[PDB]
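Consider the single chain below, provided in C-alpha coordinates and representing the form deposited in one PDB entry.
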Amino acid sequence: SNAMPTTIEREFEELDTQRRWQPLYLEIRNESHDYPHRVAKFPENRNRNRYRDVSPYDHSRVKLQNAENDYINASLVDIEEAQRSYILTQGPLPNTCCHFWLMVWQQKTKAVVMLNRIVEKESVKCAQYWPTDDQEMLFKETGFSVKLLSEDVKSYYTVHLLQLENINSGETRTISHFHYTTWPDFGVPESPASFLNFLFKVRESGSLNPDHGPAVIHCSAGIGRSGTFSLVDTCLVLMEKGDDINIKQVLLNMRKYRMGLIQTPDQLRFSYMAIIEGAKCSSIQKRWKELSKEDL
(Lines give C-alpha, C1' and ligand atoms only; values in the text may rest on other atoms or scores of the structure.)
Protein backbone atom coordinates (compact mmCIF):
# COMPACT_ATOMS: atom_id res chain seq x y z
CA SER A 1 0.00 0.00 0.00
CA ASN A 2 3.08 2.30 0.52
CA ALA A 3 6.24 1.94 -1.62
CA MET A 4 8.29 3.71 1.12
CA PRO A 5 9.58 1.41 3.92
CA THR A 6 7.51 1.82 7.17
CA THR A 7 9.46 3.37 10.13
CA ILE A 8 9.91 -0.21 11.56
CA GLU A 9 11.28 -1.53 8.18
CA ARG A 10 13.73 1.44 7.85
CA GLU A 11 14.85 1.04 11.53
CA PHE A 12 15.52 -2.71 10.82
CA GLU A 13 17.55 -1.94 7.60
CA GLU A 14 19.95 0.54 9.31
CA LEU A 15 20.06 -1.47 12.61
CA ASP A 16 21.28 -4.41 10.40
CA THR A 17 23.45 -2.16 8.14
CA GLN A 18 25.15 -0.43 11.15
CA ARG A 19 25.21 -3.75 13.21
CA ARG A 20 23.46 -1.73 15.99
CA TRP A 21 21.29 -4.52 17.61
CA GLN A 22 23.56 -4.91 20.72
CA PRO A 23 23.73 -1.10 21.30
CA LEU A 24 19.89 -0.80 20.92
CA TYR A 25 19.50 -3.78 23.33
CA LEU A 26 21.93 -2.09 25.82
CA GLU A 27 19.87 1.20 25.51
CA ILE A 28 16.63 -0.66 26.47
CA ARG A 29 18.51 -2.34 29.40
CA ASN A 30 19.79 1.17 30.48
CA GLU A 31 16.36 2.94 30.15
CA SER A 32 14.39 0.12 31.86
CA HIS A 33 12.86 1.52 35.11
CA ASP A 34 13.46 -0.76 38.17
CA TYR A 35 10.34 -1.02 40.40
CA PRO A 36 10.10 -2.41 43.93
CA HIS A 37 9.92 -6.24 44.15
CA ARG A 38 9.95 -6.58 47.97
CA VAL A 39 7.29 -9.36 48.08
CA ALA A 40 9.36 -11.60 45.71
CA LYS A 41 12.33 -11.15 48.08
CA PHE A 42 10.49 -12.18 51.29
CA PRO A 43 12.45 -15.12 52.76
CA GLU A 44 9.25 -17.31 52.80
CA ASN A 45 9.08 -16.82 48.93
CA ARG A 46 12.59 -18.23 48.23
CA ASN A 47 11.22 -21.76 47.33
CA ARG A 48 8.56 -19.98 45.12
CA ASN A 49 11.16 -18.28 42.81
CA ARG A 50 12.88 -20.44 40.16
CA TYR A 51 15.65 -17.81 39.61
CA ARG A 52 17.12 -15.32 42.10
CA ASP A 53 17.12 -12.28 39.74
CA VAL A 54 13.77 -12.83 37.97
CA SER A 55 11.05 -11.31 40.21
CA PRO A 56 7.62 -9.80 39.58
CA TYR A 57 7.19 -6.12 40.59
CA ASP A 58 5.03 -5.55 43.68
CA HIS A 59 2.72 -3.27 41.59
CA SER A 60 1.90 -5.82 38.80
CA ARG A 61 2.36 -9.24 40.53
CA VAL A 62 -0.50 -11.78 40.26
CA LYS A 63 -1.95 -12.49 43.72
CA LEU A 64 -3.23 -15.95 44.74
CA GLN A 65 -6.61 -14.90 46.25
CA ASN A 66 -7.53 -16.17 49.79
CA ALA A 67 -4.13 -17.88 50.48
CA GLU A 68 -1.97 -17.62 53.72
CA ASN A 69 0.87 -16.66 51.27
CA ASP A 70 -0.53 -15.00 48.09
CA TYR A 71 2.84 -15.00 46.23
CA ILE A 72 3.44 -16.52 42.77
CA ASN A 73 6.24 -15.45 40.40
CA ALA A 74 3.74 -14.11 37.80
CA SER A 75 3.04 -10.61 36.38
CA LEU A 76 -0.13 -9.11 34.83
CA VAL A 77 1.16 -7.38 31.66
CA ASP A 78 -1.62 -4.89 30.87
CA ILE A 79 -1.46 -2.87 27.58
CA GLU A 80 -4.75 -0.81 27.67
CA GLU A 81 -3.85 0.71 24.22
CA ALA A 82 -4.18 -2.88 22.75
CA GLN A 83 -7.10 -4.20 24.95
CA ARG A 84 -4.54 -6.96 25.62
CA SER A 85 -3.45 -8.48 28.98
CA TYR A 86 -1.24 -11.54 29.60
CA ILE A 87 0.08 -13.26 32.70
CA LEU A 88 3.83 -13.91 32.26
CA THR A 89 5.22 -16.45 34.74
CA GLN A 90 8.25 -18.70 35.30
CA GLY A 91 8.08 -22.44 34.51
CA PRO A 92 6.34 -23.81 37.63
CA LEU A 93 8.42 -25.46 40.36
CA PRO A 94 7.43 -28.95 41.65
CA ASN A 95 6.03 -27.15 44.76
CA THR A 96 4.32 -24.28 42.73
CA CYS A 97 2.42 -26.36 40.07
CA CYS A 98 -0.50 -26.27 42.61
CA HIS A 99 -0.20 -22.39 42.75
CA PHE A 100 -0.04 -22.22 38.91
CA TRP A 101 -3.39 -24.07 38.47
CA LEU A 102 -4.98 -22.01 41.33
CA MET A 103 -3.89 -18.84 39.46
CA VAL A 104 -5.23 -20.24 36.12
CA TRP A 105 -8.60 -20.94 37.89
CA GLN A 106 -8.90 -17.58 39.78
CA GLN A 107 -7.81 -15.53 36.73
CA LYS A 108 -10.38 -17.30 34.41
CA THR A 109 -7.48 -18.21 32.05
CA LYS A 110 -8.56 -20.25 28.97
CA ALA A 111 -5.07 -20.71 27.46
CA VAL A 112 -1.57 -21.57 28.69
CA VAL A 113 1.27 -20.83 26.24
CA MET A 114 4.46 -22.81 27.11
CA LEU A 115 7.51 -21.80 25.00
CA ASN A 116 10.19 -23.98 26.73
CA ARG A 117 11.05 -27.69 27.00
CA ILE A 118 11.23 -29.27 30.50
CA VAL A 119 15.00 -29.91 30.03
CA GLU A 120 17.17 -27.37 28.13
CA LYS A 121 20.94 -28.00 27.70
CA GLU A 122 20.81 -30.45 30.67
CA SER A 123 19.09 -27.86 33.03
CA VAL A 124 15.57 -28.66 34.37
CA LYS A 125 13.63 -25.45 33.49
CA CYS A 126 10.03 -26.44 34.36
CA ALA A 127 8.04 -29.15 36.25
CA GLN A 128 5.68 -31.43 34.23
CA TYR A 129 2.43 -29.72 35.50
CA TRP A 130 0.08 -31.49 33.03
CA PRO A 131 -0.46 -35.19 32.24
CA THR A 132 0.36 -36.78 28.79
CA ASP A 133 -1.45 -40.14 29.40
CA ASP A 134 -5.02 -40.90 30.68
CA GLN A 135 -4.03 -40.43 34.39
CA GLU A 136 -5.74 -37.60 36.39
CA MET A 137 -2.98 -35.36 37.90
CA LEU A 138 -3.71 -34.24 41.50
CA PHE A 139 -2.65 -30.88 43.05
CA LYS A 140 -3.84 -31.63 46.63
CA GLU A 141 -2.30 -28.39 48.09
CA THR A 142 -4.71 -26.06 46.15
CA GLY A 143 -7.43 -28.64 45.34
CA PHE A 144 -7.16 -29.04 41.55
CA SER A 145 -6.80 -31.96 39.19
CA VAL A 146 -5.85 -31.94 35.48
CA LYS A 147 -6.77 -34.61 32.86
CA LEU A 148 -5.71 -34.74 29.17
CA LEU A 149 -8.86 -34.69 26.96
CA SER A 150 -6.93 -34.80 23.64
CA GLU A 151 -3.71 -33.61 21.95
CA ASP A 152 -2.70 -32.36 18.48
CA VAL A 153 1.05 -33.17 17.96
CA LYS A 154 2.66 -31.02 15.16
CA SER A 155 6.36 -31.06 14.09
CA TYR A 156 7.40 -28.12 16.40
CA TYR A 157 4.41 -27.68 18.81
CA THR A 158 1.66 -29.74 20.51
CA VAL A 159 -1.73 -28.42 21.63
CA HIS A 160 -3.06 -30.27 24.71
CA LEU A 161 -6.74 -29.85 25.66
CA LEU A 162 -6.85 -30.19 29.48
CA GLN A 163 -9.77 -30.61 31.90
CA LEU A 164 -8.99 -28.46 35.00
CA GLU A 165 -11.26 -29.49 37.93
CA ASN A 166 -11.75 -27.44 41.11
CA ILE A 167 -12.03 -30.58 43.36
CA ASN A 168 -13.60 -28.55 46.28
CA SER A 169 -16.45 -27.25 43.99
CA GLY A 170 -16.69 -30.08 41.34
CA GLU A 171 -16.59 -27.36 38.58
CA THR A 172 -14.49 -28.04 35.43
CA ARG A 173 -12.90 -25.88 32.70
CA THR A 174 -11.24 -26.86 29.39
CA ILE A 175 -7.77 -25.22 29.10
CA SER A 176 -5.92 -24.99 25.77
CA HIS A 177 -2.20 -25.70 26.41
CA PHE A 178 -0.05 -24.51 23.45
CA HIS A 179 3.46 -26.08 23.82
CA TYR A 180 6.14 -24.65 21.47
CA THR A 181 8.73 -27.53 21.53
CA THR A 182 11.57 -26.17 19.33
CA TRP A 183 12.24 -22.66 20.71
CA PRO A 184 15.63 -23.04 22.45
CA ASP A 185 16.49 -21.25 25.73
CA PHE A 186 17.97 -17.77 25.10
CA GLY A 187 17.24 -18.48 21.41
CA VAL A 188 14.79 -17.61 18.59
CA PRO A 189 12.10 -19.54 16.69
CA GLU A 190 13.23 -21.22 13.40
CA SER A 191 11.51 -18.47 11.32
CA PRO A 192 9.05 -15.57 11.53
CA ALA A 193 6.60 -17.95 9.69
CA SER A 194 6.86 -20.77 12.36
CA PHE A 195 6.42 -18.24 15.22
CA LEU A 196 3.51 -16.44 13.51
CA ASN A 197 1.68 -19.70 12.56
CA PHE A 198 1.90 -20.59 16.29
CA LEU A 199 0.72 -17.13 17.49
CA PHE A 200 -2.24 -17.20 15.02
CA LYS A 201 -3.17 -20.81 16.21
CA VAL A 202 -3.30 -19.28 19.77
CA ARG A 203 -5.33 -16.19 18.58
CA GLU A 204 -7.75 -18.38 16.48
CA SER A 205 -8.82 -20.38 19.64
CA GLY A 206 -10.17 -17.02 21.08
CA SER A 207 -7.78 -17.37 24.09
CA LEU A 208 -6.27 -13.82 23.88
CA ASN A 209 -9.67 -11.98 23.53
CA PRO A 210 -11.26 -9.73 26.23
CA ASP A 211 -14.14 -12.28 26.90
CA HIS A 212 -11.67 -14.69 28.73
CA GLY A 213 -9.22 -14.18 31.61
CA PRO A 214 -5.62 -13.30 30.62
CA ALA A 215 -3.69 -16.01 28.71
CA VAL A 216 -0.83 -17.43 30.86
CA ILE A 217 2.46 -17.25 28.92
CA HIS A 218 5.56 -19.01 30.34
CA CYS A 219 8.99 -20.32 29.47
CA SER A 220 11.89 -20.90 31.92
CA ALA A 221 12.01 -17.42 33.61
CA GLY A 222 8.90 -15.99 31.83
CA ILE A 223 10.83 -13.01 30.32
CA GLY A 224 12.87 -14.08 27.18
CA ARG A 225 10.67 -16.27 24.97
CA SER A 226 7.56 -15.05 26.91
CA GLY A 227 8.56 -11.38 26.28
CA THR A 228 9.20 -12.13 22.55
CA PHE A 229 5.71 -13.78 22.15
CA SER A 230 3.97 -10.95 24.10
CA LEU A 231 5.90 -8.06 22.37
CA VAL A 232 5.09 -9.37 18.84
CA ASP A 233 1.41 -10.04 19.70
CA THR A 234 1.03 -6.55 21.38
CA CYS A 235 2.82 -4.64 18.53
CA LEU A 236 0.61 -6.44 15.87
CA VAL A 237 -2.61 -5.51 17.79
CA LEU A 238 -1.45 -1.86 18.21
CA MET A 239 -0.70 -1.73 14.41
CA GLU A 240 -4.11 -3.10 13.14
CA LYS A 241 -5.90 -0.50 15.41
CA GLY A 242 -3.89 2.14 13.41
CA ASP A 243 -1.26 3.11 16.06
CA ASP A 244 2.13 4.27 14.59
CA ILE A 245 4.29 2.21 17.02
CA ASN A 246 7.86 2.58 18.37
CA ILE A 247 8.91 -1.05 19.22
CA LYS A 248 11.60 0.19 21.67
CA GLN A 249 9.00 2.33 23.60
CA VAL A 250 6.35 -0.49 23.50
CA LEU A 251 9.02 -2.85 25.02
CA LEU A 252 9.98 -0.29 27.74
CA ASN A 253 6.21 0.06 28.54
CA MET A 254 5.77 -3.78 28.80
CA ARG A 255 8.98 -3.88 30.93
CA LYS A 256 7.11 -1.71 33.51
CA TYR A 257 4.87 -4.81 34.09
CA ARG A 258 7.66 -7.48 34.17
CA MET A 259 11.45 -6.98 34.24
CA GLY A 260 13.81 -8.05 31.44
CA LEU A 261 11.25 -8.87 28.70
CA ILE A 262 13.41 -10.01 25.71
CA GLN A 263 16.74 -11.48 26.93
CA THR A 264 19.04 -11.20 23.81
CA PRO A 265 19.76 -8.80 20.95
CA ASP A 266 18.76 -11.66 18.54
CA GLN A 267 15.37 -12.01 20.29
CA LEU A 268 14.90 -8.23 19.75
CA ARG A 269 15.87 -8.53 16.05
CA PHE A 270 13.51 -11.57 15.70
CA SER A 271 10.68 -9.50 17.33
CA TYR A 272 11.23 -6.80 14.63
CA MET A 273 11.22 -9.47 11.85
CA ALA A 274 8.02 -11.15 13.20
CA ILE A 275 6.24 -7.71 13.58
CA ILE A 276 7.32 -6.61 10.02
CA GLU A 277 6.11 -9.98 8.52
CA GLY A 278 3.04 -10.17 10.86
CA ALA A 279 1.87 -6.65 9.79
CA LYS A 280 1.02 -8.21 6.33
CA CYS A 281 -2.11 -10.18 7.56
CA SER A 282 -6.40 -15.36 5.06
CA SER A 283 -3.78 -16.59 2.47
CA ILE A 284 -0.82 -14.90 4.37
CA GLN A 285 -1.61 -17.24 7.35
CA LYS A 286 -1.93 -20.13 4.84
CA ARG A 287 1.70 -19.48 3.68
CA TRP A 288 3.01 -19.27 7.31
CA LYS A 289 1.32 -22.67 8.00
CA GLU A 290 2.96 -24.38 4.97
CA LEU A 291 6.41 -22.71 5.49
CA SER A 292 6.22 -23.86 9.20
CA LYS A 293 6.08 -27.57 8.05
CA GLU A 294 3.86 -28.28 11.08
CA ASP A 295 2.66 -31.64 9.51
CA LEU A 296 6.16 -33.31 9.03
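Here, rigid core means the biggest group of C-alpha atoms that superpose within 1.5 Å across both forms. Throughout, we count residues from 1 along the sequence that is shown.
**Student:** Find the stretch among 220-228 and 117-125 with the larger RMS C-alpha deviation in 7 other deposited structures of this protein, all structures being superposed on the shown form by the rigid core.
**Tutor:** Greater root mean square C-alpha distance in 7 other deposited structures of this protein: 117-125.
**Student:** Between 136-144 and 189-197, which one shows the bigger average Cα displacement from this form in 7 other deposited structures of this protein once the rigid core is aligned?
**Tutor:** Farther on average in 7 other deposited structures of this protein: 189-197.
**Student:** Averaging C-alpha B-factors over each stretch, which comes out higher, 245-253 or 34-42?
**Tutor:** Per the deposited B-factors, the answer is 245-253.
**Student:** Looking only at CA atoms, which has the higher mean B factor in the entry: 160-168 or 208-216?
**Tutor:** Result of the comparison: 208-216.
**Student:** Sort 268, 239, 259, 231 by C-alpha B-factor from the entry and give me just the highest.
**Tutor:** Among 268, 239, 259, 231, the PDB entry lists the largest C-alpha B-factor for 239.
**Student:** At the C-alpha atoms, which of 61, 29, 48, 52 reaches the highest B-factor in this entry?
**Tutor:** Answer, based on the entry's C-alpha B-factors: 29.
**Student:** Within this chain's modelled residues, let me know which third the CA B factor of residue 83 belongs to: lowest, middle or highest.
**Tutor:** Residue 83: CA B-factor falls in the highest third of its chain.
**Student:** Check where residue 191 lands among this chain's C-alpha B-factors and tell me if it's the lowest, middle or highest third.
**Tutor:** Middle third by C-alpha B-factor.
**Student:** Within this chain's modelled residues, let me know which third the CA B factor of residue 96 belongs to: lowest, middle or highest.
**Tutor:** Residue 96: CA B-factor falls in the lowest third of its chain.
**Student:** In terms of the chain's CA B-factor thirds, is residue 201 lowest, middle or highest?
**Tutor:** For residue 201, the deposited C-alpha B-factor lands in the highest third.
**Student:** By the record's CA B-factor, is residue 116 among the lowest, middle or highest third of residues in the chain?
**Tutor:** Within its chain, residue 116 is a lowest-third residue by C-alpha B-factor, going by the deposited values.
Keep in mind the form solved in complex with a small molecule is missing from the figure; the text below concerns it.
**Student:** Which of 65, 32, 69, 249 has a heavy atom within 4.5 Å of the small molecule in the deposited complex?
**Tutor:** Filtering the options by heavy-atom distance leaves 32.
**Student:** Quick check on this chain: which one of 125, 154, 179, 84 has a heavy atom within 4.5 Å of the small molecule in the deposited complex?
**Tutor:** Residue within 4.5 Å of the partner: 125.
**Student:** With a cut-off of 4.5 Å between heavy atoms, is residue 225 one of the residues that contacts the small molecule in the deposited complex?
**Tutor:** Taking the distances in the deposited complex, the answer for residue 225 is yes, it comes within 4.5 Å of the small molecule.
**Student:** Just checking whether residue 219 would be counted as a contact of the small molecule in the deposited complex - the rule being heavy atoms within 4.5 angstroms.
**Tutor:** Yes.
**Student:** Does residue 265 make contact with the small molecule in the deposited complex, using a 4.5 Å heavy atom cut-off?
**Tutor:** No, residue 265 sits far enough from the small molecule in the deposited complex that none of its heavy atoms falls within 4.5 Å.
**Student:** In the deposited complex, does residue 120 come within 4.5 Å of the small molecule, counting heavy atoms only?
**Tutor:** So residue 120 counts as contacting the small molecule.
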